[PDB]
Amino acid sequence: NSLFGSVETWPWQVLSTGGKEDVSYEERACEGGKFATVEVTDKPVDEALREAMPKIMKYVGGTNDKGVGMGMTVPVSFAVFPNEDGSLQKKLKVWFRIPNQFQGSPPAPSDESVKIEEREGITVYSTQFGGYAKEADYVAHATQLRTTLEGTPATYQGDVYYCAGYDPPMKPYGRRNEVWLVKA
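Here it is as C-alpha coordinates:
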(Lines of atoms letter the chains of each structure in order from A and count residues from 1; the text may use other names and numbers.)
(Lines give C-alpha, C1' and ligand atoms only; values in the text may rest on other atoms or scores of the structure.)
Protein backbone atom coordinates (compact mmCIF):
# COMPACT_ATOMS: atom_id res chain seq x y z
CA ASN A 1 0.00 0.00 0.00
CA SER A 2 2.47 2.56 1.18
CA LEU A 3 6.00 2.24 -0.02
CA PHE A 4 8.90 3.63 1.94
CA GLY A 5 12.51 2.74 2.48
CA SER A 6 15.40 3.27 4.81
CA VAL A 7 17.35 5.44 2.42
CA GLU A 8 15.63 8.80 2.41
CA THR A 9 16.96 11.78 4.21
CA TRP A 10 16.87 15.11 2.32
CA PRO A 11 14.88 15.38 -0.87
CA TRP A 12 16.22 18.33 -2.73
CA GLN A 13 16.50 19.30 -6.31
CA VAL A 14 19.92 18.80 -7.76
CA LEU A 15 20.24 20.43 -11.13
CA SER A 16 23.56 18.86 -12.06
CA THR A 17 26.97 18.06 -10.68
CA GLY A 18 30.39 18.34 -12.22
CA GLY A 19 33.38 20.18 -11.01
CA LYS A 20 37.04 19.53 -10.57
CA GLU A 21 39.17 17.16 -8.60
CA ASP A 22 39.02 17.96 -4.87
CA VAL A 23 36.56 20.77 -5.42
CA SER A 24 33.43 19.30 -6.94
CA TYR A 25 30.13 21.14 -7.19
CA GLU A 26 26.48 20.44 -7.14
CA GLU A 27 23.80 23.04 -7.56
CA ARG A 28 20.76 22.14 -5.70
CA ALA A 29 17.63 23.65 -4.24
CA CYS A 30 17.21 23.27 -0.49
CA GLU A 31 14.87 20.71 1.23
CA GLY A 32 13.05 23.44 3.04
CA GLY A 33 13.21 21.52 6.23
CA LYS A 34 13.27 22.99 9.66
CA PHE A 35 16.73 23.33 11.17
CA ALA A 36 18.22 24.66 14.37
CA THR A 37 20.06 27.83 13.81
CA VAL A 38 21.99 30.22 16.04
CA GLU A 39 23.25 33.60 14.96
CA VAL A 40 26.01 35.35 16.78
CA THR A 41 26.97 38.99 16.47
CA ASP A 42 29.58 41.41 17.99
CA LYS A 43 31.88 38.48 18.26
CA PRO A 44 34.13 37.66 15.20
CA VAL A 45 33.67 34.37 13.22
CA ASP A 46 36.44 32.81 15.39
CA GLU A 47 34.51 33.59 18.56
CA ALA A 48 31.05 33.25 17.09
CA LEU A 49 31.65 29.69 15.99
CA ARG A 50 33.06 28.56 19.34
CA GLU A 51 30.29 30.36 21.17
CA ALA A 52 27.57 28.90 18.90
CA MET A 53 28.91 25.30 19.16
CA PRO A 54 27.76 25.03 22.90
CA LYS A 55 24.36 26.28 21.77
CA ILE A 56 24.08 23.60 19.13
CA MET A 57 25.37 20.78 21.36
CA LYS A 58 23.15 21.80 24.30
CA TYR A 59 20.14 21.34 22.02
CA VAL A 60 20.86 17.71 21.11
CA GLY A 61 22.48 17.13 24.48
CA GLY A 62 19.20 17.33 26.29
CA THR A 63 18.44 21.04 26.74
CA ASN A 64 15.66 20.66 24.19
CA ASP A 65 11.98 20.93 25.16
CA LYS A 66 11.16 17.31 24.37
CA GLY A 67 14.01 16.22 26.64
CA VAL A 68 15.64 14.17 23.96
CA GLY A 69 19.04 12.94 25.07
CA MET A 70 19.81 11.49 21.67
CA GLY A 71 22.82 13.44 20.61
CA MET A 72 22.42 13.16 16.89
CA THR A 73 25.15 14.65 14.82
CA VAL A 74 25.38 15.09 11.07
CA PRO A 75 27.60 17.81 9.44
CA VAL A 76 26.87 21.23 10.86
CA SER A 77 27.06 24.25 8.64
CA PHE A 78 27.51 27.91 9.39
CA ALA A 79 27.12 30.93 7.22
CA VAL A 80 29.84 33.49 6.96
CA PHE A 81 29.75 36.74 5.06
CA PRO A 82 32.91 37.79 3.24
CA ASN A 83 33.24 41.39 2.12
CA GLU A 84 34.88 42.31 -1.15
CA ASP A 85 37.70 43.74 1.03
CA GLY A 86 38.48 40.11 1.91
CA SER A 87 37.41 40.57 5.47
CA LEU A 88 34.54 38.60 6.95
CA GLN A 89 31.62 40.61 8.24
CA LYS A 90 31.14 39.89 11.92
CA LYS A 91 27.92 37.96 11.81
CA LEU A 92 27.81 34.24 11.91
CA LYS A 93 24.78 32.10 11.60
CA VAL A 94 25.07 28.42 12.41
CA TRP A 95 22.63 26.07 10.87
CA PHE A 96 22.26 22.71 12.43
CA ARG A 97 21.01 20.28 9.98
CA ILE A 98 18.63 17.90 11.59
CA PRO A 99 18.67 14.19 10.55
CA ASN A 100 15.66 12.91 8.56
CA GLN A 101 14.07 10.99 11.40
CA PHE A 102 14.08 14.13 13.45
CA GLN A 103 12.86 16.25 10.53
CA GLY A 104 9.49 14.57 10.92
CA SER A 105 9.37 15.61 14.55
CA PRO A 106 12.16 17.77 16.01
CA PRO A 107 12.33 18.85 19.68
CA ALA A 108 11.35 22.43 20.42
CA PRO A 109 14.10 24.94 21.24
CA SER A 110 14.20 25.33 25.02
CA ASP A 111 17.14 27.72 24.68
CA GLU A 112 16.30 31.21 23.46
CA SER A 113 19.37 31.53 21.29
CA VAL A 114 18.69 28.46 19.22
CA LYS A 115 15.75 28.66 16.87
CA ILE A 116 14.17 26.10 14.64
CA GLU A 117 13.84 27.76 11.27
CA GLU A 118 12.98 26.28 7.97
CA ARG A 119 14.92 27.37 4.96
CA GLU A 120 13.73 26.92 1.41
CA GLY A 121 13.54 28.88 -1.77
CA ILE A 122 17.20 29.19 -2.50
CA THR A 123 19.71 27.44 -4.59
CA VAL A 124 23.10 26.56 -3.35
CA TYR A 125 26.24 25.32 -4.83
CA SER A 126 27.77 22.82 -2.66
CA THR A 127 31.18 21.46 -2.87
CA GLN A 128 31.93 18.19 -1.17
CA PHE A 129 35.54 17.44 -0.48
CA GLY A 130 37.52 15.07 1.66
CA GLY A 131 40.71 15.34 3.60
CA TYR A 132 42.00 17.10 6.67
CA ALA A 133 40.42 20.51 6.50
CA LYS A 134 41.56 23.58 8.31
CA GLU A 135 39.73 26.91 8.42
CA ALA A 136 41.73 28.17 5.42
CA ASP A 137 40.54 25.15 3.42
CA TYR A 138 36.96 26.33 3.67
CA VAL A 139 37.96 29.73 2.34
CA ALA A 140 40.15 28.17 -0.34
CA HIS A 141 37.32 25.86 -1.40
CA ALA A 142 34.97 28.82 -1.61
CA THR A 143 37.58 30.64 -3.66
CA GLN A 144 38.02 27.67 -5.97
CA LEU A 145 34.29 27.06 -6.05
CA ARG A 146 33.93 30.56 -7.47
CA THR A 147 36.79 29.86 -9.80
CA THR A 148 35.17 26.66 -11.02
CA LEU A 149 31.70 28.35 -11.34
CA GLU A 150 33.43 30.94 -13.52
CA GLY A 151 31.81 31.34 -16.91
CA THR A 152 28.32 30.67 -15.69
CA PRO A 153 25.38 33.01 -14.77
CA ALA A 154 25.98 32.02 -11.14
CA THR A 155 26.09 35.06 -8.94
CA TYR A 156 26.13 35.15 -5.20
CA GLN A 157 24.48 37.32 -2.62
CA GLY A 158 26.86 38.78 -0.08
CA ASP A 159 29.30 36.16 -1.45
CA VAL A 160 28.03 34.13 1.51
CA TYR A 161 29.36 30.69 1.99
CA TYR A 162 28.57 28.03 4.44
CA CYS A 163 31.10 25.82 6.02
CA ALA A 164 30.00 22.35 6.96
CA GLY A 165 31.77 19.89 9.12
CA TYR A 166 30.94 17.73 12.07
CA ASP A 167 33.30 19.67 14.31
CA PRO A 168 35.53 22.74 14.00
CA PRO A 169 38.64 20.96 12.62
CA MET A 170 42.04 21.66 14.00
CA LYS A 171 43.62 18.67 12.19
CA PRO A 172 42.09 15.08 12.36
CA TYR A 173 38.42 15.78 13.12
CA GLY A 174 37.13 17.32 9.99
CA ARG A 175 37.62 14.97 7.14
CA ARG A 176 34.28 15.50 5.46
CA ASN A 177 33.30 19.03 4.73
CA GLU A 178 30.95 21.03 2.55
CA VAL A 179 31.03 24.59 1.34
CA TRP A 180 27.77 26.06 0.14
CA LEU A 181 27.57 29.19 -1.99
CA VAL A 182 24.16 30.69 -2.49
CA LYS A 183 23.19 32.10 -5.85
CA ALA A 184 22.17 35.74 -5.54
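Reading the sequence shown from the start, the letters are residues 7 to 190 in the entry's author numbering. Even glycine gets a Cβ: it sits at the ideal position worked out from N, Cα and C.
Name the two residues that bound the continuous alpha helix (DSSP H) containing residue i.
i: residue 62; result: 51–67
i: residue 47; result: Here residue 47 belongs to no alpha helix (DSSP H); instead the beta strand (DSSP E) covers 40–47.
i: residue 144; result: 141–154
Helix or strand or just coil, what does DSSP make of residue i?
i: residue 102; result: strand
i: residue 165; result: strand
i: residue 186; result: strand
i: residue 135; result: strand
i: residue 22; result: strand
Tell me residue i's beta-bridge partners as DSSP assigns them.
i: residue 126; result: None, per the DSSP bridge assignment.
i: residue 109; result: Answer is none; residue 109 lacks a bridge partner.
i: residue 120; result: BP columns for residue 120 are empty, so no partner.
Buried or exposed for residue i, please, with buried defined as at least 16 other CB atoms from any protein chain shown within 10 angstroms of its CB.
i: residue 62; result: buried
i: residue 13; result: exposed
i: residue 143; result: buried
i: residue 8; result: exposed
i: residue 55; result: buried
Could you give the first and the last residue of the continuous beta strand (DSSP E) run that contains residue i?
i: residue 31; result: 31–35
i: residue 84; result: 82–88
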